[PDB]
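Trainee: Just passing along the structure, written as structure tokens.
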4 protein chains.
Amino acid sequence: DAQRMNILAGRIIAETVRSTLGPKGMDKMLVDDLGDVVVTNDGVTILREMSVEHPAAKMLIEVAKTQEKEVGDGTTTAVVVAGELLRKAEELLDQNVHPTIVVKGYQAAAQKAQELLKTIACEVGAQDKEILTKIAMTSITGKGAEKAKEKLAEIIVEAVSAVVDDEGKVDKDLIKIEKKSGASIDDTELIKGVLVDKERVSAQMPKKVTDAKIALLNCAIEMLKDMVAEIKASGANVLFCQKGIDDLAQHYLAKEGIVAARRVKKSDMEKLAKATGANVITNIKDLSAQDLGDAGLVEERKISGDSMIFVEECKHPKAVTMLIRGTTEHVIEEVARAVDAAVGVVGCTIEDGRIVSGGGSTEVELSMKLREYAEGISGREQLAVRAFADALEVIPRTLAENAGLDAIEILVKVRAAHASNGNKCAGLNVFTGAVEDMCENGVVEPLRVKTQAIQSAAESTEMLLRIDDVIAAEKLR
Amino acid sequence: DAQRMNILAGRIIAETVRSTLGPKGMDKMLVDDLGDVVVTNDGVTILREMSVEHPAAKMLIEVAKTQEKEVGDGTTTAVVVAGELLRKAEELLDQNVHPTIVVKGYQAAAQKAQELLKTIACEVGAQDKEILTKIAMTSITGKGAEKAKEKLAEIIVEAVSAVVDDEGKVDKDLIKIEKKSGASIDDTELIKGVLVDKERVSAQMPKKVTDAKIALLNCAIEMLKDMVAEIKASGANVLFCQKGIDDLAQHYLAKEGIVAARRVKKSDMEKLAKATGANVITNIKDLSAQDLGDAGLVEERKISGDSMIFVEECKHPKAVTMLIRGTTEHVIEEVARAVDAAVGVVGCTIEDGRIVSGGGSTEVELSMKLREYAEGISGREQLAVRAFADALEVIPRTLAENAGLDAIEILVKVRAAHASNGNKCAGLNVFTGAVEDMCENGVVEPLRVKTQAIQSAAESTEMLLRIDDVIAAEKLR
Amino acid sequence: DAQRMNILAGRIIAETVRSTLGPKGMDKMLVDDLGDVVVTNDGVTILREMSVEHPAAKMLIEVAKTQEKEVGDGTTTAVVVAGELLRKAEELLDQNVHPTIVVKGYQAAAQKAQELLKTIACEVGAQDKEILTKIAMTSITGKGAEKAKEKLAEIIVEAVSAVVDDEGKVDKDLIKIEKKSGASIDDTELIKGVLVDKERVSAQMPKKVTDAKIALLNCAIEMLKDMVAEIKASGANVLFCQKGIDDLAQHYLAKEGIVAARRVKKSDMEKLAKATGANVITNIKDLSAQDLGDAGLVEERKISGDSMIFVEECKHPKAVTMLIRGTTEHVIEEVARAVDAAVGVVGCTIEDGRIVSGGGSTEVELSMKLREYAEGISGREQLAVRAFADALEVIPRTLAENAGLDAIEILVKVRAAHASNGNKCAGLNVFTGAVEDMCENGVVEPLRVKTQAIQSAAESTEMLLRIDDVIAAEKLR
Amino acid sequence: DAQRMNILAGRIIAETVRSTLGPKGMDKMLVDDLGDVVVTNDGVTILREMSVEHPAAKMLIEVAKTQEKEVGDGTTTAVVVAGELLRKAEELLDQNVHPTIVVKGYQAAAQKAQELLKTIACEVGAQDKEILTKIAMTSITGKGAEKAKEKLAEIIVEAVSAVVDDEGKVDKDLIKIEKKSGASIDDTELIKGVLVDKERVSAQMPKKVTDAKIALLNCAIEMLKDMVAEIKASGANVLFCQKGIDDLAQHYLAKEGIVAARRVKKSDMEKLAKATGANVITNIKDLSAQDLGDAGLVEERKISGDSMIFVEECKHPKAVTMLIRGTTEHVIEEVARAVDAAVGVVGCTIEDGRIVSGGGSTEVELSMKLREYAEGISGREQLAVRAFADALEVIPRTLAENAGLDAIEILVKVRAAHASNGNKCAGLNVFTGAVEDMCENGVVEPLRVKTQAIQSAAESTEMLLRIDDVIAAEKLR
Ligand SMILES: Nc1ncnc2c1ncn2[C@@H]1O[C@H](COP(=O)(O)OP(=O)(O)O)[C@@H](O)[C@H]1O
Ligand SMILES: Nc1ncnc2c1ncn2[C@@H]1O[C@H](COP(=O)(O)OP(=O)(O)O)[C@@H](O)[C@H]1O
Ligand SMILES: Nc1ncnc2c1ncn2[C@@H]1O[C@H](COP(=O)(O)OP(=O)(O)O)[C@@H](O)[C@H]1O
Ligand SMILES: Nc1ncnc2c1ncn2[C@@H]1O[C@H](COP(=O)(O)OP(=O)(O)O)[C@@H](O)[C@H]1O
Ligand SMILES: [Mg+2]
Ligand SMILES: [Mg+2]
Ligand SMILES: [Mg+2]
Ligand SMILES: [Mg+2]
């Protein structure tokens, strides 16, 4: 009774982002209380912006937060599978199956799914840039752009492959994301170093400094003669002032051949302190030759529509930065979420070396094998394993729904292609309407995406099914 | 629309006799317009006594008439499977599957069922009286009596085995059914020959005649001296007059040592003409010594409550007669329908030599194998093949329902016993509640029972699905 | 207003037989006031059996009566197109198009359809038995039997080809249809001559007569010696008496070696007078040696279930008779309607020598060409020509509907195959689900089928659109 | 469901300005919350003044803002086509066509429309003043004045042709728009230079100065003797003070033969700095002989109702200014929007050299060619391309509706005139009621008008169709 409304609340959250799955997915319209409009195909964006107050709905959201924290992609996939599991479980409750039996079936079916996924996955090499590019292609194109990814995917593959340490681990904090308005999306490029979105405050100043000694000054300049003497004595050639710089000081800086920029953002003072290794000085007497950062090259090179300072050839950091360019602000914010997703799947591929074919092909193969495993189960426990397998068909059907095809006959032909030692990679290519080999089409995604999503969907539904009543408590906590 | 109510009418006829399946089946109460009450477990009895006016209902009844004409048992099974097919097909219509696709699926699944049944069936020898007894045991005990069949089954096995010609064919008209009230049911016995429920019209007449010359007279006797001269000249010792015999003629018949009975029924004049080989004479001049029948013994022996004429030791006919004894009239009529059913299954076993294990095991094994065949089908045609396999589960579930068990978990454990090269004969034994090997329990039925019923259920449902509207015609015919 | 209900009444008659189109057509159930049931796929049977009282409905039925009288097939096609024309016309009335403009458009579009059909049709030779077999195959298989036609079609092709006179005309009365119950449908055969469903009244009579002299006697026999003298003097060896024959006359007829049959039907006296060329004598003195018919062989040969007199090897008549065999009465009556249809289309093919590809391919090709012709029309008259073209798509759509496919995308792919100098014979093969060349599949039908159906559909709808009110008259006639 | 109301909101915005299309367009009445009344035929004026709160309505308005920013004309055409696309798409949704299929059809049909437009357009010479006059005639006369354009169009053609640089590009900021109340509309004239709506502060001052040295003074005058010495030493003859001028300074300025005006607007200080090339001095010591601007003539000539300073014969700027005259304020504001529109179409003509015939002729020709392209499409994707072609007919129909004619037969005769390679420029001349060659009537518009409008209408509808639900978000942004 009161238990069912929890199942209802969970399915409501699922069907909210249901139609946003896959490249041909539908866009949702987000409207706040102030009348601002947001249109997006990304599932996790919709999940965080929703006005979610129901507890069972929040218990489901923690799957997407967990799925994105541990993988970065598949949050839409995990939520939809959880919703379909709740629907199939409600059907079994309507057949007088006790909830604990459904949980025992789901729990046993989730473990068997993990073992089967470990055998379906194909092994790849952490140096195969082609397979890594196909992984990024599949992960980004689910949002809604074609062939522009081919340039961005190779940029992301080169960025991640550079920050891979000698242990095969990928630290996403080593790849800084930088967002700036520009002329077009294609202007997005990768830079071996760090970026400063400023220009020389005086054109007479020298524009390039090699073997730079970076100085981070947090005090305004606008007494002053002794300040210039102390800074010049520290043996520095590059100065970054967070506040302003005196116009008379900008002259003596240009005469001494010293590049300097004022109005430097607080974020640039933080990244220079973290990367190059400088302190944020609070008193000019503290500035020394050791607080300076080291950099092989500091060059301000213009770009399409803007001029900014590039700090390249820094051997000490071993890190890179993504310069994201775009026309509008919402386009840039959409491109940023595409990079965060591709970084996750490429990172998971290098760490795990296990991938499966996408397009719902792996789901169908897993569904068929689980129905075989269900046959051998005695006791009511079997019916839950059946539903768990038939629940996985929600992923290929939703893809066919959003592709405009008849999900019934599409799901039929794919099941036929997998039947009796078929092609475990046969799926629906939403661009052609035919059933093809997803591996030959370059549609692949990491194994951790599927394993983490399925386990996350199972554990949440198991948690909801153990709830049979909600009780009005007082105070607590 | 108007099509669906036809499907509804069929399921109504199905669910009417649904709970009458199996030995533990439920009894139905038949009440006419005059207030007479009839309680029975036999399905075909209920089907003919129903006030059936709907055309789709009549189209369903013709399956039971065909099933009983071609087999004699399994009419309940064919009707129930037809109803479950109608229910599963209605589900597919509710999923926007066109009727012709369902027909194509059912039609292709019915043919695959015939091929699979031909491989599940076990071969037996036409002389194995033990297996023939187990066949009769299974067919009769479905009505509602225990271990009394063991005596009757061996009587039926000996009766059928005697009339088997040199071509393995069984003519049910060679086994005459005779019903007479008596002391108990156990008094039912088999007689090697034919019976005449008459007595000597004169006690002074000789009661026994050996090497009898049977005479069939169709003319009343009550000129007359020339009639006695012609009949005595024909060289006959036994006379059967359909009409009466003169009292003065009854005297000269008793004096000459000639046994004679008057008021002989028309059925006895037919069976004597068919068995012993005599003509029905219409003019006394046609009576000759060749129109006489031959019989080794003609003896009138009294029985409990009656005296009648037995004609035994007739090597020429090669036919026998069943003497049915019972307490009441309704009990005898129930025993007669048990014999007509057992005669059919024993006859089908000797002619075909193919039997299958009961208990729903053949249905479950066929259902499981058909779900495997459905996997390889592309196009919407697959979904009908799925439903056709899952429709067969109505037979084991109804047995479990009528046995008082939980049909869900019973059907689960049986499917587990058949899964992955299991025991094709594993079913639910309604007397113990456990799943056992039906072959080891002696629960077997002929192959023609299953093949004819399944094909009959498919063809009727196929015929109903091609109907999409009923039109108000005028006159016609 | 009152005009529209006429359009409604016509569409009701159309959609009544709509789903009966094509081989995969649906079956309708006809129920009279007495409860008798008739299930059929044939459209014209349903049209005559309907309880039709509405005048506009009767005005539509006369199209099927006209289509069947002048062609024999396509009555369902003409009715459905007429109904679709009425629907498209109702749309134009709802756009404030005057009925006479719709008529002017329909009338101008119907004539242009005749011009295009004359150029789409392919020419065949009146001696090409292969193409004639494909014509009969296509026309019969629309009812619901497979490959049994291949034997029956060649029988029908040989029957029609024999009665073709030296002017290419086919008289359907020269091919007698004979219906008799038998063992199976395959026993249907063609006989080179005429048939008499009688047997020799005396088995002692000689059973065979060669070089027969047929005599037609209309006077009862049962004076008599002078009658035998006059008949024997006329020089006849075969006598057909419509009334009875004296038993003593049956003796003297059998002694003279003269075959004779009594109780001969009136239909047999008519066909013998028409074929062999004999007179129906009304006075024994009129019987002469010249009133006799000539026949090479008269033989009474038994068949499965009956014995009858065959009159073969008659060179003079030039006519044949179809012996229809079947299991039940309704099956035979269904086979008879198939022959009458095939005779019509084969006759239309030999007379015209023009055929078009079936399957709806010709309809789509005609529809596409009419939309091109519609473009060049000025004034509101154009809109009707558009509707006339888009109305023809009802035939391929109904075939796709009855085949279980999605009529939308099937109709799309066919239009694509015909577009920009495509294949004018590309249609939907309901047996495979793919679009194929209908000529290569052997699916063809005579040009007169299409031309007469389209003109019949147009003229009736033209007649309905000129009706704008119904007036309550008195007496009249 | 919730998606459909978005389609509804867009069509509401479309039909709001629907009847304002073409010269015979209808006037709309705008009433604010204060009771002020505005009557206009201009579509873009109505679109910005509407109380638009619905998001889907705003998403549609952004098309008119985009169309006006990139072209300047066709905003009404793009909105109406967008609305008609939404209506035709709703019909396809009511036929169970998935939105992504409609988008795929629209997207593919929009690209084919761009390619077809590139071949329909005729090339013109950037020096052909006659064709440029016909372009301005067609663009302005859509608002509501006759033959007054012939004088204004030639004025606009001369203004744009003067500011065309050596690269064929037209910078609209080089043509300054000046609005002033006057005696009549015909007093609108073009001035080769820049305008200053000021008069001499002293009538005793000389009114004309040749070889002027423009001085821009930003400091108030009202020490003062040294200020006059520094300005006179700089060698200047014309002074523009943004603030006031001392009355005693106004005396010494009049004695030296120096023209001076005080209270000069900030816009005049900006335009003089941009055109003549002068600096805005902030300290009298910075004024030099090089900060002065150069001008061949500075003359204050009175006009009907006012006197102002004209700065003509300035070879250096290469820019001109439009003096707009009118009776009332609202009349002047309407004339200004006419010039901005004509400047856009004349500019697009010189840059592109591609024009198409107006009157809906290009729309009909594009509609007919797209229906030919639609024929060859397989799969449901075709149906959207059909609707896209039939959607373009909204433009000729709306013109015929506003012209008072029967849109049905007018659209018919135009389609007939275009059918099978008709006159691709045949359209409806709303002044005569007949179908004529629009090129021979001087009804032409640039290619960029159609290409940008069609693409803008398609992309917006594509964006609306990807929306399937609106979600209640919290906070965001
Ligand atoms: N080219 C493609 N063909 C078929 N399926 C695809 C393709 N690209 C992506 N997908 C599917 O889209 C799904 C993910 O899409 P999306 O919802 O955008 O991201 P998320 O992984 O967060 O759910 C994956 O399961 C994948 O199978
Ligand atoms: N001892 C038993 N255990 C399990 N099933 C049985 C047993 N005896 C009979 N059956 C089942 O009963 C079914 C037939 O029973 P019943 O309805 O009485 O006759 P009918 O064949 O006319 O329907 C068979 O399909 C068989 O599988
Ligand atoms: N093998 C076939 N494949 C496709 N269409 C067929 C085939 N055979 C017959 N048809 C179609 O069936 C239609 C006629 O069927 P039916 O309604 O039974 O007879 P009628 O010609 O009286 O309407 C024809 O228009 C023909 O195109
Ligand atoms: N003289 C004319 N004859 C026929 N049509 C015209 C004429 N002048 C303009 N039009 C039509 O009017 C349409 C534009 O009118 P309007 O709505 O006033 O401006 P906008 O271009 O902003 O929509 C063009 O599509 C053009 O075809
Ligand atoms: Mg993704
Ligand atoms: Mg039974
Ligand atoms: Mg036909
Ligand atoms: Mg305009």
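Naming works like this for the structure tokens: A, B, ... for the chains as they're shown, residue 1 at the start of each chain, ligands 1 onward in shown order.
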Determine, for each residue of chain A having at least one atom at most 10 Å from an atom of chain B, the closest pair of atoms and their separation in Å to one decimal, counting only C-alpha atoms; order by chain and ascending number, as JSON lines.
Mentor:
```
{"residue": "A:95", "atom": "CA", "partner": "B:408", "partner_atom": "CA", "distance": 8.9}
{"residue": "A:96", "atom": "CA", "partner": "B:408", "partner_atom": "CA", "distance": 9.7}
{"residue": "A:97", "atom": "CA", "partner": "B:408", "partner_atom": "CA", "distance": 9.5}
{"residue": "A:368", "atom": "CA", "partner": "B:375", "partner_atom": "CA", "distance": 9.4}
{"residue": "A:372", "atom": "CA", "partner": "B:420", "partner_atom": "CA", "distance": 8.5}
{"residue": "A:373", "atom": "CA", "partner": "B:419", "partner_atom": "CA", "distance": 9.4}
{"residue": "A:374", "atom": "CA", "partner": "B:416", "partner_atom": "CA", "distance": 8.5}
{"residue": "A:375", "atom": "CA", "partner": "B:416", "partner_atom": "CA", "distance": 5.5}
{"residue": "A:376", "atom": "CA", "partner": "B:416", "partner_atom": "CA", "distance": 4.6}
{"residue": "A:377", "atom": "CA", "partner": "B:416", "partner_atom": "CA", "distance": 5.8}
{"residue": "A:378", "atom": "CA", "partner": "B:413", "partner_atom": "CA", "distance": 4.8}
{"residue": "A:379", "atom": "CA", "partner": "B:409", "partner_atom": "CA", "distance": 5.5}
{"residue": "A:380", "atom": "CA", "partner": "B:409", "partner_atom": "CA", "distance": 5.4}
{"residue": "A:381", "atom": "CA", "partner": "B:412", "partner_atom": "CA", "distance": 8.9}
{"residue": "A:382", "atom": "CA", "partner": "B:412", "partner_atom": "CA", "distance": 6.9}
{"residue": "A:383", "atom": "CA", "partner": "B:412", "partner_atom": "CA", "distance": 8.0}
{"residue": "A:408", "atom": "CA", "partner": "B:380", "partner_atom": "CA", "distance": 7.2}
{"residue": "A:409", "atom": "CA", "partner": "B:379", "partner_atom": "CA", "distance": 5.4}
{"residue": "A:410", "atom": "CA", "partner": "B:379", "partner_atom": "CA", "distance": 7.9}
{"residue": "A:411", "atom": "CA", "partner": "B:379", "partner_atom": "CA", "distance": 9.1}
{"residue": "A:412", "atom": "CA", "partner": "B:378", "partner_atom": "CA", "distance": 5.7}
{"residue": "A:413", "atom": "CA", "partner": "B:378", "partner_atom": "CA", "distance": 4.6}
{"residue": "A:414", "atom": "CA", "partner": "B:378", "partner_atom": "CA", "distance": 8.0}
{"residue": "A:415", "atom": "CA", "partner": "B:375", "partner_atom": "CA", "distance": 6.6}
{"residue": "A:416", "atom": "CA", "partner": "B:376", "partner_atom": "CA", "distance": 4.6}
{"residue": "A:417", "atom": "CA", "partner": "B:376", "partner_atom": "CA", "distance": 7.5}
{"residue": "A:418", "atom": "CA", "partner": "B:376", "partner_atom": "CA", "distance": 8.4}
{"residue": "A:419", "atom": "CA", "partner": "B:375", "partner_atom": "CA", "distance": 5.6}
{"residue": "A:420", "atom": "CA", "partner": "B:376", "partner_atom": "CA", "distance": 7.3}
{"residue": "A:422", "atom": "CA", "partner": "B:376", "partner_atom": "CA", "distance": 9.6}
```
Trainee: Can you list every residue in range 45-216 of chain B that DSSP puts in alpha helix (DSSP H), as a PyMOL selection string?
Mentor: chain B and resi 45-49+55-70+75-93+99-120+129-140+148-163
Trainee: Those same residues - C-alpha atoms - I'd like them written as a PDB file, in the first residue's frame.
Mentor:
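File produced: part13.pdb:
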```pdb
ATOM      1  CA  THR B  45     -20.662 -34.434 -21.211  1.00  0.00           C
ATOM      2  CA  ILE B  46     -20.861 -30.809 -20.062  1.00  0.00           C
ATOM      3  CA  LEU B  47     -20.054 -29.502 -23.548  1.00  0.00           C
ATOM      4  CA  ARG B  48     -22.979 -31.261 -25.234  1.00  0.00           C
ATOM      5  CA  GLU B  49     -25.475 -30.490 -22.451  1.00  0.00           C
ATOM      6  CA  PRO B  55     -21.732 -19.145 -33.076  1.00  0.00           C
ATOM      7  CA  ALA B  56     -18.149 -18.708 -31.859  1.00  0.00           C
ATOM      8  CA  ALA B  57     -19.055 -21.033 -28.987  1.00  0.00           C
ATOM      9  CA  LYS B  58     -20.359 -23.625 -31.461  1.00  0.00           C
ATOM     10  CA  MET B  59     -17.176 -23.310 -33.531  1.00  0.00           C
ATOM     11  CA  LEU B  60     -15.341 -24.241 -30.325  1.00  0.00           C
ATOM     12  CA  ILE B  61     -17.632 -27.194 -29.556  1.00  0.00           C
ATOM     13  CA  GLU B  62     -16.797 -28.702 -32.954  1.00  0.00           C
ATOM     14  CA  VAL B  63     -13.250 -29.220 -31.661  1.00  0.00           C
ATOM     15  CA  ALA B  64     -14.491 -31.499 -28.874  1.00  0.00           C
ATOM     16  CA  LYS B  65     -16.731 -33.364 -31.323  1.00  0.00           C
ATOM     17  CA  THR B  66     -13.713 -33.772 -33.609  1.00  0.00           C
ATOM     18  CA  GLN B  67     -11.377 -34.657 -30.733  1.00  0.00           C
ATOM     19  CA  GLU B  68     -13.794 -37.289 -29.424  1.00  0.00           C
ATOM     20  CA  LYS B  69     -14.493 -38.701 -32.895  1.00  0.00           C
ATOM     21  CA  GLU B  70     -10.800 -39.029 -33.784  1.00  0.00           C
ATOM     22  CA  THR B  75     -11.480 -33.256 -25.428  1.00  0.00           C
ATOM     23  CA  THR B  76     -11.156 -31.328 -22.169  1.00  0.00           C
ATOM     24  CA  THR B  77      -7.470 -30.715 -22.925  1.00  0.00           C
ATOM     25  CA  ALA B  78      -8.157 -29.411 -26.439  1.00  0.00           C
ATOM     26  CA  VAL B  79     -10.858 -26.984 -25.279  1.00  0.00           C
ATOM     27  CA  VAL B  80      -8.729 -25.567 -22.450  1.00  0.00           C
ATOM     28  CA  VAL B  81      -5.693 -25.070 -24.703  1.00  0.00           C
ATOM     29  CA  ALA B  82      -7.933 -23.354 -27.259  1.00  0.00           C
ATOM     30  CA  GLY B  83      -9.173 -20.989 -24.558  1.00  0.00           C
ATOM     31  CA  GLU B  84      -5.674 -20.144 -23.337  1.00  0.00           C
ATOM     32  CA  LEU B  85      -4.638 -19.452 -26.934  1.00  0.00           C
ATOM     33  CA  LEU B  86      -7.568 -17.040 -27.229  1.00  0.00           C
ATOM     34  CA  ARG B  87      -6.486 -15.233 -24.055  1.00  0.00           C
ATOM     35  CA  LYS B  88      -2.826 -14.970 -25.076  1.00  0.00           C
ATOM     36  CA  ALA B  89      -3.868 -13.798 -28.551  1.00  0.00           C
ATOM     37  CA  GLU B  90      -6.050 -11.072 -27.036  1.00  0.00           C
ATOM     38  CA  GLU B  91      -2.959  -9.827 -25.190  1.00  0.00           C
ATOM     39  CA  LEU B  92      -1.108  -9.558 -28.507  1.00  0.00           C
ATOM     40  CA  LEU B  93      -4.007  -7.686 -30.104  1.00  0.00           C
ATOM     41  CA  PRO B  99      -4.352 -10.801 -36.360  1.00  0.00           C
ATOM     42  CA  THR B 100      -2.742 -12.326 -39.464  1.00  0.00           C
ATOM     43  CA  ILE B 101       0.678 -12.128 -37.796  1.00  0.00           C
ATOM     44  CA  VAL B 102      -0.697 -13.974 -34.760  1.00  0.00           C
ATOM     45  CA  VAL B 103      -2.177 -16.576 -37.113  1.00  0.00           C
ATOM     46  CA  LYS B 104       1.142 -16.933 -38.939  1.00  0.00           C
ATOM     47  CA  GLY B 105       2.911 -17.365 -35.608  1.00  0.00           C
ATOM     48  CA  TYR B 106       0.374 -19.845 -34.237  1.00  0.00           C
ATOM     49  CA  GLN B 107       0.366 -21.745 -37.533  1.00  0.00           C
ATOM     50  CA  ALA B 108       4.168 -21.983 -37.625  1.00  0.00           C
ATOM     51  CA  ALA B 109       4.312 -22.846 -33.916  1.00  0.00           C
ATOM     52  CA  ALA B 110       1.667 -25.566 -34.277  1.00  0.00           C
ATOM     53  CA  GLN B 111       3.679 -27.308 -37.002  1.00  0.00           C
ATOM     54  CA  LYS B 112       6.871 -27.106 -34.937  1.00  0.00           C
ATOM     55  CA  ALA B 113       4.887 -28.590 -32.044  1.00  0.00           C
ATOM     56  CA  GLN B 114       3.940 -31.571 -34.215  1.00  0.00           C
ATOM     57  CA  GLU B 115       7.579 -32.211 -35.141  1.00  0.00           C
ATOM     58  CA  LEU B 116       8.738 -31.871 -31.528  1.00  0.00           C
ATOM     59  CA  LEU B 117       5.992 -34.191 -30.262  1.00  0.00           C
ATOM     60  CA  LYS B 118       7.095 -36.852 -32.760  1.00  0.00           C
ATOM     61  CA  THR B 119      10.520 -36.892 -31.057  1.00  0.00           C
ATOM     62  CA  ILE B 120       9.320 -36.752 -27.434  1.00  0.00           C
ATOM     63  CA  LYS B 129      -0.233 -55.539 -21.952  1.00  0.00           C
ATOM     64  CA  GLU B 130       1.411 -53.709 -19.033  1.00  0.00           C
ATOM     65  CA  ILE B 131       1.817 -50.420 -20.908  1.00  0.00           C
ATOM     66  CA  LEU B 132      -1.680 -50.774 -22.373  1.00  0.00           C
ATOM     67  CA  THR B 133      -3.031 -51.144 -18.833  1.00  0.00           C
ATOM     68  CA  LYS B 134      -1.167 -48.002 -17.756  1.00  0.00           C
ATOM     69  CA  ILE B 135      -2.714 -46.173 -20.724  1.00  0.00           C
ATOM     70  CA  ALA B 136      -6.232 -47.190 -19.688  1.00  0.00           C
ATOM     71  CA  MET B 137      -5.491 -46.396 -16.031  1.00  0.00           C
ATOM     72  CA  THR B 138      -4.487 -42.820 -16.883  1.00  0.00           C
ATOM     73  CA  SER B 139      -7.447 -42.181 -19.189  1.00  0.00           C
ATOM     74  CA  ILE B 140     -10.221 -43.464 -16.914  1.00  0.00           C
ATOM     75  CA  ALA B 148     -11.458 -49.877  -9.401  1.00  0.00           C
ATOM     76  CA  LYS B 149      -9.964 -49.111 -12.825  1.00  0.00           C
ATOM     77  CA  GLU B 150      -7.165 -51.649 -12.277  1.00  0.00           C
ATOM     78  CA  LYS B 151      -9.787 -54.382 -12.630  1.00  0.00           C
ATOM     79  CA  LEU B 152     -11.639 -52.590 -15.439  1.00  0.00           C
ATOM     80  CA  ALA B 153      -8.472 -51.522 -17.282  1.00  0.00           C
ATOM     81  CA  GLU B 154      -7.246 -55.106 -17.636  1.00  0.00           C
ATOM     82  CA  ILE B 155     -10.748 -56.047 -18.801  1.00  0.00           C
ATOM     83  CA  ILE B 156     -10.577 -53.301 -21.430  1.00  0.00           C
ATOM     84  CA  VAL B 157      -7.022 -54.234 -22.456  1.00  0.00           C
ATOM     85  CA  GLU B 158      -8.092 -57.848 -22.991  1.00  0.00           C
ATOM     86  CA  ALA B 159     -11.199 -56.725 -24.890  1.00  0.00           C
ATOM     87  CA  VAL B 160      -9.337 -54.457 -27.320  1.00  0.00           C
ATOM     88  CA  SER B 161      -6.421 -56.867 -27.809  1.00  0.00           C
ATOM     89  CA  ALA B 162      -8.893 -59.558 -28.912  1.00  0.00           C
ATOM     90  CA  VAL B 163     -10.469 -57.500 -31.726  1.00  0.00           C
TER      91      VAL B 163
END
```
Trainee: Residues contacting ligand 5 - anything with an atom at most 7 Å away, using only C-alpha atoms and all ligand atoms - can you give me those as a list in words?
Mentor: residues 73, 74, 139, 140, 142, 143 and 341 of chain A
Trainee: Give me, as a VMD selection string, the set of residues whose atoms come within 9 Å of any atom of ligand 1, counting only C-alpha atoms and all ligand atoms.
Mentor: chain A and resid 17 to 25 41 to 44 68 72 to 80 137 to 144 341 357 to 363 395 to 396 399 427 to 431 438 441 to 445 449 to 450
Trainee: May I have all residues of range 138-360 of chain D that DSSP, computed from the backbone, assigns to strand (DSSP E), given as an NGL selection string?
Mentor: :D and (175-179 or 189-191 or 193-196 or 208-217 or 238-241 or 259-261 or 293-303 or 306-312 or 320-324 or 354-357)
Trainee: Determine, counting only C-alpha atoms, which protein, DNA and RNA residues have an atom within 9 Å of an atom of residue 340 in chain B; residues of the same chain fewer than 3 positions away are not included. Present the result as number ranges by chain.
Mentor: B: 72-73, 172, 177, 335-337, 343-344
Trainee: Just how far from CA of residue 201 in chain C is CA of residue 281 in chain B, in Å to one decimal?
Mentor: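 Those two atoms sit 25.6 Å apart.
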